[PDB]
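> My questions will all concern the structure given below.
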Amino acid sequence: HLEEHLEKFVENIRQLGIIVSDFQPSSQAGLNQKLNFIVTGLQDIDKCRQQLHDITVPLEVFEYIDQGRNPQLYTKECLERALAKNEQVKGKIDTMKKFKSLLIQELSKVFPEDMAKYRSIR
Amino acid sequence: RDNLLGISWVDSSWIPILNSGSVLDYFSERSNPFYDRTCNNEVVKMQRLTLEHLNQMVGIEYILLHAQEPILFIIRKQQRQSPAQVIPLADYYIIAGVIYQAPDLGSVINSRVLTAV
Amino acid sequence: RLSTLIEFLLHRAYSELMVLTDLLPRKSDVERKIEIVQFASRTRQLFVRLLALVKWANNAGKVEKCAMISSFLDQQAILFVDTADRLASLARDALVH
Amino acid sequence: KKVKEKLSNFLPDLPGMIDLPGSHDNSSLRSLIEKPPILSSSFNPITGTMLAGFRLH
Amino acid sequence: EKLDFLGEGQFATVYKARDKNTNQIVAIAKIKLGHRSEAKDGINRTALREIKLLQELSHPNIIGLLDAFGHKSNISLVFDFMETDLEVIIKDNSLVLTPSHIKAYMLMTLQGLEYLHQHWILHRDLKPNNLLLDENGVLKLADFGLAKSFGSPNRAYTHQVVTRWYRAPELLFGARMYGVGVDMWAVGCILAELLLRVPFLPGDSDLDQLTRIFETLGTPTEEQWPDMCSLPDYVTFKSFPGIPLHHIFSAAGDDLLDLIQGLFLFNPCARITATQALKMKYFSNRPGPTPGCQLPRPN
Amino acid sequence: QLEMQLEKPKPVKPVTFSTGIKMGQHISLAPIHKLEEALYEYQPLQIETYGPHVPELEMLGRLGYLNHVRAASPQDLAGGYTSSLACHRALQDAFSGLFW
Amino acid sequence: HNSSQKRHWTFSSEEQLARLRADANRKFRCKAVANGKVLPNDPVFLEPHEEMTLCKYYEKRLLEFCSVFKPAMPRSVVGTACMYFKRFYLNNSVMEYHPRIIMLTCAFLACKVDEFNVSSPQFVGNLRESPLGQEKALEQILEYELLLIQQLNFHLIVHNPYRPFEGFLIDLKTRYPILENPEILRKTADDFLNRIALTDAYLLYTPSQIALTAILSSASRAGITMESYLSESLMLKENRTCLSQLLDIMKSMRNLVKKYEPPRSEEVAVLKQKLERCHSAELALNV
């Protein structure tokens, strides 16, 4: 929440500081370093806010961030693996359904009275 | 321990589960007269991982020499002074899951002549 | 777990900045500007990857539900294989004797 | 929908090459998320020596 | 002249370089503390102990406080730069692991321990690390922060100070008094690691670590040193059938088998002594301890 | 690459086989290796002093007396630190020096 | 101390100490004159013997302060502190660092080295001072703690004459039955030891020999002489030679003890007023 906007303002101040210290400056460019230290202090306040927030994140998010993609791709892949497991399990249960139907067909062919009493009892 | 040439050691369970990969393990079953705890294959199993470590730490390394898939699996005992330096100590051959020590061309002949004469 | 990583990132950033400020008067100032902008690139990369994290913090709970789904379906697959396994252990071990 | 949305539209506002991977960055500081750094010292206040060190040219 | 910034430390910061004087390489320490209180306790106890103990302990297997100054608030301690450390060396994937070399490392560590025990000053906290290897490879012991003297007068002896993994069994109980036992059991766990290649007993926190030590050596016998439960804090641990040393590290030469059995012996009284261990015939054997000229070096 | 690289030059000559066909191709054997480096720094006597002397185990009147300010005590004895360690430290330290 | 370390810091004979104290007095005098705050040889500058007398009376007061510490204190810690204090003024002058700051600091550093693990409330409770004034002193204590080690050459271990005493008495309970139940000997020896500690004995003589001489003086005072014990030590190297050295050291120790006396308070207050005025004089260091 607020940690995002705070660290974003910190990163933009860091970029402006890199731009200013990249350029020769008559004005006291120590204000850039002071704003960087104040951003570190506000990040400590945001770390208190992160103790308030208590986010738990898996490591593969960190690793896909290392690959430089969206973590949204990790969300799509977790959703895709969920649907892959659900597809496989529904397919196994569907083959068991077809096999049970075939078995009761063939046993009703070969044993009439017994499968009749079974279809009665169910 | 009287005469290592005159000892044979075996075990039925390991017999059906025997393959080129497991021959060293069968020699390693422990309580086997031919092999010893001092061998470094033991220090490797105690530690972790078996790779080019026999070329790194050089010493007593029992290694398979020649292998026939069903039964024949010959093992050689080497003493390394350094990498790329091998000194052969002895040879133990396993026939039908039965381990024997390869007789010297000369100790065998001496005993043989003695019995005949 | 992201709170601990946030605190550790802020600590490592402040400590590396302290080392940079310590060597700042020490380093030759013209190339020290280059070292400063290199360090600024380091901090920007740390902070943008933390920004990616706090972006994904909205999408955390759906991945938690996906982990629940995946565990459940893996459990049912192990149930199928266990049923077939116990039937094989019936048909080849207990009935032969 | 397309899920190859760049690491931009995601991290878009920050300047610099945000998309660039950690291996390409070659930064010791970046290697930190994978293994957490130890909090050896608490954050300290800014000092005059730092400003004297910088001050540009 | 500070020339390098190896990094910060647990209660210190280190820089590697040549001093105001000679060009020789040395590691320079800068004092680290929480000075925020307007009532600071001045310097920390760990620092005070470490500096004087290192200065006094001068041995080919002990590092020493050489030069020492402190014009500013800063206090500077001078210790010789070393190559690396045994711990990371054996921690890394087998680059060239070797027992004739493991035995040489053990010999240097034991000679250092004998000198420290003779000087009448226990090394309170040998941990796997905190042991340093130099370029020649002579290994001298280093971290001395937690050490204390051990003597006849009764005094509050510090407790639970040692790390859980290397805590002595008597310390794990909750014992108010102690002896060379802590250092001996700990060298013992470091040897264990060199042979096994991974840490011997893993304890997440006090009780779990005590349980795992007991599982590794079995329940201590009643004959061992009865009063093992009569020390101040004891909990009957699981009645393990017990495993021979042969079980945990599967094998090696039996002389090594004997040193291990001996450092381990449970009665603190019988834990083998430094002189006793050197005198063990294992050191004087056909396998030769490495001179250190051929000692293994990684990167 | 025909010149600087092997370019199958080693393919032309293989000398039948000396690894699979037969391991009796060794013939040219050699050794004569030496090192002469064993049993180094076994000796543990580094004893130093500028003082008189005292033995490690007491088994004497001092052990028989077994008396300190508080003598010895049982519960802490588990702690180890048998008074033995005690008198040894005490005497050794006292004897240390005596003649600058 | 076969443990070396103090082998370097064992000044050998009376004159060297006298000379060193004198030289530091000169050093401060000169630095100040050169700075040129004052014309040379003004009234304020002190004299070394007067400085030593002020130091001894104030040190007896410091020993009383160590004794009245609310938590029980091992004799080792008190001794460590006194030694540290004497050795500190062998390098500098009384004026450069006021004796009160030095005494309190030696005490805290000493406690930290000797592992007494003092509680912070216990230390503040013992001092009879206003909390604000005690905190002002504590701020100085911090800076002067680092300053102490700098001028102490970082040599912190101090050999305390106790351990040897317990040890010789155990040897007494075992090797010689000629004397018996030597505990009267124990208290008298303690009395001789405090008087020995007030002298430069710690600096000159070996501490083990100091304990042996205290035991010998106690024995002579009560009716026993240890020729036979001296004879067991003669059962050793140097053949006859060891005994003459032991006797000479014992005689010199007896002479210093008989000559040493507490400085009179009337004289001490005059000196105090002078020194107070002295530190109230303008030093000021640097910008």
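Ordering of the structure tokens sets the chain letters (A, B, ...); residue numbers start at 1 within each chain; ligands are numbered from 1 in the order shown.
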Write out as a list in words which residues come within 12 Å of residue 24 of chain D when counting only C-alpha atoms, dropping same-chain ones fewer than 4 positions away.
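Counting only C-alpha atoms, the residues come to residues 66, 67 and 68 of chain A; 45 of chain C; 17, 18, 19, 20, 28, 30 and 31 of chain D.
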> How close does each residue of chain B get to chain E, giving the shortest atom pair and distance in Å to one decimal for every residue with an atom at most 10 Å away, counting only C-alpha atoms, sorted by chain and residue number, as CSV?

```
residue,atom,partner,partner_atom,distance
B:36,CA,E:251,CA,9.6
B:37,CA,E:251,CA,5.8
B:38,CA,E:253,CA,5.2
B:39,CA,E:252,CA,7.6
B:40,CA,E:252,CA,7.4
B:41,CA,E:251,CA,9.2
B:42,CA,E:251,CA,5.5
B:43,CA,E:252,CA,5.4
B:44,CA,E:251,CA,8.6
B:45,CA,E:250,CA,7.0
B:46,CA,E:250,CA,4.4
B:47,CA,E:196,CA,4.2
B:48,CA,E:197,CA,6.7
B:49,CA,E:94,CA,8.5
B:50,CA,E:94,CA,9.8
B:51,CA,E:94,CA,9.3
B:52,CA,E:94,CA,9.2
B:53,CA,E:96,CA,7.1
B:54,CA,E:96,CA,9.6
B:55,CA,E:96,CA,8.8
B:56,CA,E:96,CA,5.1
B:57,CA,E:98,CA,4.8
B:58,CA,E:98,CA,8.0
B:59,CA,E:98,CA,9.8
```
> Using only C-alpha atoms, tabulate the residues of chain G lying at most 9 Å from any atom of chain E, each with its closest atom pair and that distance in Å to one decimal, by chain and increasing residue number, as CSV.

```
residue,atom,partner,partner_atom,distance
G:3,CA,E:119,CA,6.8
G:4,CA,E:56,CA,7.3
G:5,CA,E:56,CA,5.8
G:74,CA,E:155,CA,8.7
G:108,CA,E:41,CA,8.5
G:109,CA,E:42,CA,8.1
G:112,CA,E:45,CA,5.7
G:113,CA,E:48,CA,5.9
G:114,CA,E:49,CA,8.7
G:115,CA,E:45,CA,7.7
G:116,CA,E:156,CA,7.9
G:117,CA,E:45,CA,8.6
G:120,CA,E:41,CA,8.4
G:135,CA,E:39,CA,6.8
G:138,CA,E:39,CA,6.5
G:139,CA,E:39,CA,7.0
G:141,CA,E:42,CA,7.7
G:142,CA,E:42,CA,5.0
G:143,CA,E:73,CA,7.3
G:145,CA,E:42,CA,6.8
G:146,CA,E:70,CA,7.2
G:147,CA,E:70,CA,7.8
G:149,CA,E:70,CA,8.5
G:150,CA,E:69,CA,6.2
G:153,CA,E:68,CA,7.8
G:154,CA,E:68,CA,6.8
G:155,CA,E:52,CA,6.6
G:156,CA,E:52,CA,5.7
G:157,CA,E:52,CA,6.6
G:163,CA,E:152,CA,8.3
```
> Could you please take those selected residues and save C-alpha atoms as a PDB file, in the first residue's frame?

```pdb
ATOM      1  CA  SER G   3      52.975 -15.847  30.982  1.00  0.00           C
ATOM      2  CA  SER G   4      55.185 -12.914  29.744  1.00  0.00           C
ATOM      3  CA  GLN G   5      53.241  -9.655  28.914  1.00  0.00           C
ATOM      4  CA  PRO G  74      36.389  -9.888  44.625  1.00  0.00           C
ATOM      5  CA  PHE G 108      34.690   0.797  35.722  1.00  0.00           C
ATOM      6  CA  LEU G 109      37.182  -0.520  33.196  1.00  0.00           C
ATOM      7  CA  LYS G 112      34.510  -4.831  32.814  1.00  0.00           C
ATOM      8  CA  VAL G 113      37.804  -6.708  32.288  1.00  0.00           C
ATOM      9  CA  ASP G 114      37.508  -8.881  35.347  1.00  0.00           C
ATOM     10  CA  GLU G 115      34.109 -10.275  34.447  1.00  0.00           C
ATOM     11  CA  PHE G 116      32.271  -8.999  37.541  1.00  0.00           C
ATOM     12  CA  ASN G 117      29.395  -8.233  35.107  1.00  0.00           C
ATOM     13  CA  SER G 120      24.262  -0.475  35.992  1.00  0.00           C
ATOM     14  CA  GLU G 135      25.936  11.455  34.423  1.00  0.00           C
ATOM     15  CA  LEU G 138      29.944   9.293  33.243  1.00  0.00           C
ATOM     16  CA  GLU G 139      30.242  11.248  29.936  1.00  0.00           C
ATOM     17  CA  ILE G 141      34.351   8.424  32.051  1.00  0.00           C
ATOM     18  CA  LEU G 142      33.639   7.173  28.459  1.00  0.00           C
ATOM     19  CA  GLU G 143      36.322   9.339  26.753  1.00  0.00           C
ATOM     20  CA  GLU G 145      38.274   4.981  29.408  1.00  0.00           C
ATOM     21  CA  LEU G 146      39.649   4.863  25.814  1.00  0.00           C
ATOM     22  CA  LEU G 147      42.361   7.386  26.874  1.00  0.00           C
ATOM     23  CA  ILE G 149      44.035   2.004  27.438  1.00  0.00           C
ATOM     24  CA  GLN G 150      45.930   4.242  24.939  1.00  0.00           C
ATOM     25  CA  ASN G 153      49.966   0.530  26.018  1.00  0.00           C
ATOM     26  CA  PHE G 154      46.912  -1.849  25.754  1.00  0.00           C
ATOM     27  CA  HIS G 155      48.654  -4.075  28.388  1.00  0.00           C
ATOM     28  CA  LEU G 156      45.569  -4.889  30.492  1.00  0.00           C
ATOM     29  CA  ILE G 157      46.286  -8.156  32.435  1.00  0.00           C
ATOM     30  CA  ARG G 163      46.235 -16.552  44.063  1.00  0.00           C
TER      31      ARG G 163
END
```
> What are the residues of chain F that have an atom within 12 Å of an atom of chain B, counting only C-alpha atoms, as an NGL selection string?
:F and (19-23 or 29-35)
> Near chain D, which residues of chain A fall within 9 Å when you count only C-alpha atoms, and what do they look like as JSON, numbers by chain?
{"A": [8, 11, 12, 15, 20, 21, 22, 23, 24, 25, 26, 27, 28, 29, 30, 31, 33, 34, 37, 38, 40, 41, 44, 59, 62, 63, 65, 66, 67, 68, 69, 70, 71, 72, 73, 76]}
> Could you make a table, as a Markdown table, of the residues of chain G that have an atom within 6 Å of an atom of chain F, each with its nearest atom pair and distance in Å to one decimal, counting only C-alpha atoms, in chain and number order?

```
| residue | atom | partner | partner_atom | distance |
| --- | --- | --- | --- | --- |
| G:1 | CA | F:97 | CA | 4.8 |
| G:2 | CA | F:49 | CA | 4.6 |
| G:163 | CA | F:90 | CA | 5.6 |
| G:164 | CA | F:94 | CA | 3.2 |
| G:167 | CA | F:91 | CA | 4.3 |
| G:174 | CA | F:61 | CA | 5.2 |
| G:206 | CA | F:98 | CA | 5.6 |
| G:208 | CA | F:94 | CA | 5.3 |
| G:209 | CA | F:98 | CA | 4.7 |
```
> In Å to one decimal, how far is atom CA of residue 60 of chain E from atom CA of residue 104 of chain E?
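Atom CA of residue 60 of chain E lies 14.5 Å from atom CA of residue 104 of chain E.
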> Produce a table with one row for each residue of chain E that has an atom at most 12 Å from any atom of chain D, each row naming the nearest atom pair and its distance in Å at one decimal; use only C-alpha atoms; arrange rows by chain and rising residue number; format as JSON lines.

```
{"residue": "E:7", "atom": "CA", "partner": "D:40", "partner_atom": "CA", "distance": 10.1}
{"residue": "E:8", "atom": "CA", "partner": "D:40", "partner_atom": "CA", "distance": 6.9}
{"residue": "E:9", "atom": "CA", "partner": "D:40", "partner_atom": "CA", "distance": 6.7}
{"residue": "E:10", "atom": "CA", "partner": "D:40", "partner_atom": "CA", "distance": 6.1}
{"residue": "E:11", "atom": "CA", "partner": "D:40", "partner_atom": "CA", "distance": 7.7}
{"residue": "E:12", "atom": "CA", "partner": "D:40", "partner_atom": "CA", "distance": 8.8}
{"residue": "E:13", "atom": "CA", "partner": "D:40", "partner_atom": "CA", "distance": 9.4}
{"residue": "E:32", "atom": "CA", "partner": "D:41", "partner_atom": "CA", "distance": 8.7}
{"residue": "E:33", "atom": "CA", "partner": "D:41", "partner_atom": "CA", "distance": 8.8}
{"residue": "E:34", "atom": "CA", "partner": "D:41", "partner_atom": "CA", "distance": 8.7}
{"residue": "E:35", "atom": "CA", "partner": "D:42", "partner_atom": "CA", "distance": 11.5}
{"residue": "E:36", "atom": "CA", "partner": "D:44", "partner_atom": "CA", "distance": 10.6}
```
> Write a file of the selected residues as a PDB file, in the first residue's frame, keeping N, CA and C atoms.

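Saved file out04.pdb follows:
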```
ATOM      1  N   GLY E   7      34.534  -5.623   5.177  1.00  0.00           N
ATOM      2  CA  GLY E   7      33.108  -5.559   5.530  1.00  0.00           C
ATOM      3  C   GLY E   7      32.894  -5.338   6.999  1.00  0.00           C
ATOM      4  N   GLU E   8      31.636  -5.292   7.400  1.00  0.00           N
ATOM      5  CA  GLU E   8      31.301  -5.080   8.824  1.00  0.00           C
ATOM      6  C   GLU E   8      31.421  -6.411   9.561  1.00  0.00           C
ATOM      7  N   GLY E   9      31.300  -6.404  10.894  1.00  0.00           N
ATOM      8  CA  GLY E   9      31.431  -7.623  11.727  1.00  0.00           C
ATOM      9  C   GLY E   9      30.383  -7.645  12.832  1.00  0.00           C
ATOM     10  N   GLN E  10      30.337  -8.702  13.663  1.00  0.00           N
ATOM     11  CA  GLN E  10      29.257  -8.845  14.679  1.00  0.00           C
ATOM     12  C   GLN E  10      29.257  -7.662  15.651  1.00  0.00           C
ATOM     13  N   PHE E  11      30.425  -7.269  16.164  1.00  0.00           N
ATOM     14  CA  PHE E  11      30.505  -6.045  17.000  1.00  0.00           C
ATOM     15  C   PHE E  11      31.712  -5.239  16.547  1.00  0.00           C
ATOM     16  N   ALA E  12      32.007  -5.257  15.249  1.00  0.00           N
ATOM     17  CA  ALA E  12      33.222  -4.579  14.735  1.00  0.00           C
ATOM     18  C   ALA E  12      33.138  -4.325  13.223  1.00  0.00           C
ATOM     19  N   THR E  13      34.101  -3.596  12.652  1.00  0.00           N
ATOM     20  CA  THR E  13      34.150  -3.430  11.186  1.00  0.00           C
ATOM     21  C   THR E  13      35.602  -3.660  10.814  1.00  0.00           C
ATOM     22  N   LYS E  32      33.180  -1.284  17.205  1.00  0.00           N
ATOM     23  CA  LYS E  32      31.731  -1.084  16.906  1.00  0.00           C
ATOM     24  C   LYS E  32      30.864  -1.293  18.154  1.00  0.00           C
ATOM     25  N   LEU E  33      29.929  -0.372  18.438  1.00  0.00           N
ATOM     26  CA  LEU E  33      29.088  -0.444  19.671  1.00  0.00           C
ATOM     27  C   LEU E  33      27.806   0.371  19.516  1.00  0.00           C
ATOM     28  N   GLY E  34      26.816   0.151  20.384  1.00  0.00           N
ATOM     29  CA  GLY E  34      25.641   1.039  20.385  1.00  0.00           C
ATOM     30  C   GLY E  34      25.940   2.118  21.402  1.00  0.00           C
ATOM     31  N   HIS E  35      26.326   3.316  20.961  1.00  0.00           N
ATOM     32  CA  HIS E  35      26.776   4.382  21.892  1.00  0.00           C
ATOM     33  C   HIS E  35      25.635   5.344  22.171  1.00  0.00           C
ATOM     34  N   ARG E  36      24.432   5.005  21.735  1.00  0.00           N
ATOM     35  CA  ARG E  36      23.323   5.977  21.827  1.00  0.00           C
ATOM     36  C   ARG E  36      23.086   6.407  23.270  1.00  0.00           C
TER      37      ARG E  36
END
```
> When DSSP is applied to the backbone of this structure, which of segment 30-253 of chain G are assigned alpha helix (DSSP H)? Write them out as a ChimeraX atom specification.
/G:30-35,48-67,75-88,99-113,120-126,131-151,162-174,184-198,201-204,207-222,227-234,241-253
> Keeping only C-alpha atoms, write the selected residues to a file as a short mmCIF file (atom, residue, chain, number, x, y, z; two decimals), in the first residue's frame.

```cif
data_model
loop_
_atom_site.label_atom_id
_atom_site.label_comp_id
_atom_site.auth_asym_id
_atom_site.auth_seq_id
_atom_site.Cartn_x
_atom_site.Cartn_y
_atom_site.Cartn_z
CA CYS G 30 57.03 22.21 29.03
CA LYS G 31 54.09 21.65 26.75
CA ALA G 32 52.18 24.21 28.60
CA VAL G 33 55.02 26.78 28.55
CA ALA G 34 55.63 26.26 24.87
CA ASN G 35 51.97 26.72 24.10
CA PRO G 48 56.42 15.61 41.70
CA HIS G 49 56.69 14.49 45.40
CA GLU G 50 53.67 16.70 46.27
CA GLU G 51 51.76 15.21 43.32
CA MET G 52 52.65 11.67 44.57
CA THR G 53 51.44 12.47 48.15
CA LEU G 54 48.12 13.84 46.82
CA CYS G 55 47.77 10.72 44.63
CA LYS G 56 48.37 8.33 47.59
CA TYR G 57 45.83 10.00 49.90
CA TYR G 58 43.21 10.16 47.15
CA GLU G 59 43.96 6.44 46.27
CA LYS G 60 43.33 5.41 49.91
CA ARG G 61 39.99 7.24 49.51
CA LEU G 62 39.44 5.27 46.21
CA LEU G 63 40.15 1.96 48.08
CA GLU G 64 37.48 2.92 50.65
CA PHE G 65 35.13 3.63 47.69
CA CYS G 66 35.89 0.14 46.25
CA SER G 67 35.20 -1.42 49.72
CA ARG G 75 39.78 -8.71 46.02
CA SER G 76 41.16 -9.32 42.47
CA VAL G 77 39.00 -6.47 41.01
CA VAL G 78 40.02 -3.99 43.69
CA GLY G 79 43.66 -4.76 43.12
CA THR G 80 43.39 -4.59 39.41
CA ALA G 81 42.00 -1.16 39.74
CA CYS G 82 44.71 0.19 42.00
CA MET G 83 47.44 -1.14 39.80
CA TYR G 84 45.92 0.30 36.76
CA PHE G 85 45.79 3.71 38.52
CA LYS G 86 49.40 3.71 39.63
CA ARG G 87 50.64 2.66 36.15
CA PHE G 88 48.56 5.46 34.55
CA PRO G 99 42.54 12.31 39.80
CA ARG G 100 38.76 11.92 40.46
CA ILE G 101 37.96 11.10 36.83
CA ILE G 102 40.89 8.77 36.66
CA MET G 103 39.86 6.86 39.78
CA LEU G 104 36.30 6.33 38.78
CA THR G 105 37.31 5.21 35.32
CA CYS G 106 39.93 2.83 36.40
CA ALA G 107 37.23 1.28 38.47
CA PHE G 108 34.69 0.80 35.72
CA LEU G 109 37.18 -0.52 33.20
CA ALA G 110 38.50 -2.86 35.79
CA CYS G 111 35.14 -4.26 36.48
CA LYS G 112 34.51 -4.83 32.81
CA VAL G 113 37.80 -6.71 32.29
CA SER G 120 24.26 -0.47 35.99
CA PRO G 121 21.91 0.48 38.94
CA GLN G 122 24.38 -1.02 41.48
CA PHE G 123 27.28 1.16 40.19
CA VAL G 124 25.18 4.39 40.18
CA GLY G 125 23.72 3.56 43.63
CA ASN G 126 27.19 3.21 45.22
CA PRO G 131 22.26 11.67 39.22
CA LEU G 132 22.86 14.66 36.85
CA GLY G 133 26.42 15.23 38.20
CA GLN G 134 27.07 11.44 38.10
CA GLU G 135 25.94 11.46 34.42
CA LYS G 136 28.26 14.42 33.66
CA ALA G 137 31.11 12.39 35.23
CA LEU G 138 29.94 9.29 33.24
CA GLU G 139 30.24 11.25 29.94
CA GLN G 140 33.89 12.06 30.83
CA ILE G 141 34.35 8.42 32.05
CA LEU G 142 33.64 7.17 28.46
CA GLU G 143 36.32 9.34 26.75
CA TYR G 144 38.85 8.78 29.60
CA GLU G 145 38.27 4.98 29.41
CA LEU G 146 39.65 4.86 25.81
CA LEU G 147 42.36 7.39 26.87
CA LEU G 148 43.43 5.05 29.75
CA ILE G 149 44.04 2.00 27.44
CA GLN G 150 45.93 4.24 24.94
CA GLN G 151 48.41 5.33 27.69
CA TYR G 162 46.13 -13.22 46.10
CA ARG G 163 46.23 -16.55 44.06
CA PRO G 164 49.79 -17.12 45.12
CA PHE G 165 48.79 -16.79 48.77
CA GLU G 166 46.21 -19.49 48.60
CA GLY G 167 48.69 -21.62 46.77
CA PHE G 168 51.53 -21.25 49.26
CA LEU G 169 49.19 -22.09 52.10
CA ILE G 170 48.21 -25.35 50.41
CA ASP G 171 51.85 -26.11 50.00
CA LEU G 172 52.02 -25.33 53.75
CA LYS G 173 49.28 -27.82 54.60
CA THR G 174 51.35 -30.44 52.75
CA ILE G 184 46.82 -16.68 62.42
CA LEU G 185 49.50 -16.57 59.78
CA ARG G 186 46.72 -16.08 57.29
CA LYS G 187 45.23 -12.84 58.88
CA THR G 188 48.52 -11.25 59.73
CA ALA G 189 49.65 -11.89 56.17
CA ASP G 190 46.58 -10.10 54.88
CA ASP G 191 47.44 -7.09 57.09
CA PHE G 192 50.97 -7.06 55.63
CA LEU G 193 49.51 -7.36 52.07
CA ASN G 194 47.31 -4.27 52.26
CA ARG G 195 50.35 -2.27 53.55
CA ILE G 196 52.47 -3.84 50.74
CA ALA G 197 49.85 -2.81 48.16
CA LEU G 198 49.94 0.80 49.14
CA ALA G 201 55.98 -2.97 45.53
CA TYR G 202 53.49 -4.01 42.94
CA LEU G 203 55.67 -2.37 40.33
CA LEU G 204 59.07 -3.62 41.55
CA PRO G 207 53.95 -10.88 43.19
CA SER G 208 54.60 -14.53 44.19
CA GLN G 209 57.72 -13.40 46.08
CA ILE G 210 55.54 -10.59 47.60
CA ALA G 211 53.10 -13.24 48.95
CA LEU G 212 56.02 -15.38 50.24
CA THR G 213 57.50 -12.31 52.06
CA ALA G 214 54.11 -11.49 53.63
CA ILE G 215 53.98 -15.10 54.91
CA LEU G 216 57.59 -14.81 56.24
CA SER G 217 56.89 -11.48 58.04
CA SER G 218 53.77 -12.98 59.64
CA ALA G 219 55.81 -15.99 60.78
CA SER G 220 58.63 -13.82 62.26
CA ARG G 221 56.06 -11.63 64.08
CA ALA G 222 54.34 -14.70 65.61
CA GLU G 227 64.22 -21.75 57.08
CA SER G 228 62.98 -25.30 56.39
CA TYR G 229 60.53 -24.12 53.66
CA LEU G 230 63.19 -21.86 52.37
CA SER G 231 65.27 -25.10 52.49
CA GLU G 232 62.73 -26.99 50.25
CA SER G 233 62.96 -24.13 47.77
CA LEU G 234 66.78 -24.60 48.16
CA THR G 241 72.51 -18.68 45.44
CA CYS G 242 68.61 -18.53 45.60
CA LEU G 243 68.51 -17.77 49.39
CA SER G 244 70.66 -14.58 49.36
CA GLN G 245 68.40 -12.95 46.72
CA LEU G 246 65.29 -13.97 48.66
CA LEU G 247 66.68 -12.46 51.93
CA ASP G 248 67.72 -9.16 50.25
CA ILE G 249 64.26 -8.72 48.68
CA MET G 250 62.58 -9.49 52.05
CA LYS G 251 64.75 -6.86 53.85
CA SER G 252 64.04 -4.14 51.23
CA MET G 253 60.28 -4.89 51.48
#
```
> Any idea what's packed within 8 Å of segment 89-92 of chain G, counting only C-alpha atoms, ignoring anything in its chain fewer than 4 positions away? Could you give it as a PyMOL selection string?
chain G and resi 17+20-21+24-25+28+85+96+151
> Next, dump the selected residues to file, keeping only N, CA and C atoms, as a PDB file, in the first residue's frame.

```pdb
ATOM      1  N   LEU G  17      61.733   4.494  38.252  1.00  0.00           N
ATOM      2  CA  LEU G  17      60.374   5.000  38.515  1.00  0.00           C
ATOM      3  C   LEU G  17      60.504   6.450  38.903  1.00  0.00           C
ATOM      4  N   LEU G  20      60.992   8.452  35.840  1.00  0.00           N
ATOM      5  CA  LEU G  20      59.861   8.561  34.905  1.00  0.00           C
ATOM      6  C   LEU G  20      58.829   9.539  35.464  1.00  0.00           C
ATOM      7  N   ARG G  21      58.562   9.455  36.759  1.00  0.00           N
ATOM      8  CA  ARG G  21      57.506  10.375  37.225  1.00  0.00           C
ATOM      9  C   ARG G  21      58.020  11.779  36.984  1.00  0.00           C
ATOM     10  N   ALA G  24      57.605  12.959  33.403  1.00  0.00           N
ATOM     11  CA  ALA G  24      56.277  13.394  32.930  1.00  0.00           C
ATOM     12  C   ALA G  24      55.931  14.736  33.551  1.00  0.00           C
ATOM     13  N   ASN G  25      56.337  14.944  34.799  1.00  0.00           N
ATOM     14  CA  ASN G  25      55.972  16.277  35.311  1.00  0.00           C
ATOM     15  C   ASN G  25      56.625  17.287  34.378  1.00  0.00           C
ATOM     16  N   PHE G  28      54.684  17.820  31.089  1.00  0.00           N
ATOM     17  CA  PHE G  28      53.494  18.696  31.011  1.00  0.00           C
ATOM     18  C   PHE G  28      53.952  20.126  31.165  1.00  0.00           C
ATOM     19  N   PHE G  85      45.623   2.253  38.217  1.00  0.00           N
ATOM     20  CA  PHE G  85      45.791   3.706  38.517  1.00  0.00           C
ATOM     21  C   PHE G  85      47.262   4.073  38.715  1.00  0.00           C
ATOM     22  N   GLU G  96      47.057  16.943  34.074  1.00  0.00           N
ATOM     23  CA  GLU G  96      46.477  16.687  32.742  1.00  0.00           C
ATOM     24  C   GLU G  96      45.162  15.936  32.895  1.00  0.00           C
ATOM     25  N   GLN G 151      47.180   5.053  26.895  1.00  0.00           N
ATOM     26  CA  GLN G 151      48.407   5.333  27.691  1.00  0.00           C
ATOM     27  C   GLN G 151      48.798   4.107  28.526  1.00  0.00           C
TER      28      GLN G 151
END
```
> Give me, as a Markdown table, each residue of chain F that comes within 6 Å of chain E, together with its shortest interatomic pair and the distance in Å at one decimal, counting only C-alpha atoms, with rows ordered by chain and rising residue number.

```
| residue | atom | partner | partner_atom | distance |
| --- | --- | --- | --- | --- |
| F:38 | CA | E:288 | CA | 4.3 |
| F:39 | CA | E:284 | CA | 5.1 |
| F:42 | CA | E:284 | CA | 5.9 |
| F:75 | CA | E:231 | CA | 5.8 |
| F:78 | CA | E:231 | CA | 5.6 |
| F:79 | CA | E:177 | CA | 4.7 |
| F:80 | CA | E:178 | CA | 5.6 |
| F:81 | CA | E:179 | CA | 5.3 |
| F:86 | CA | E:152 | CA | 4.0 |
| F:89 | CA | E:151 | CA | 5.6 |
| F:90 | CA | E:152 | CA | 5.9 |
```
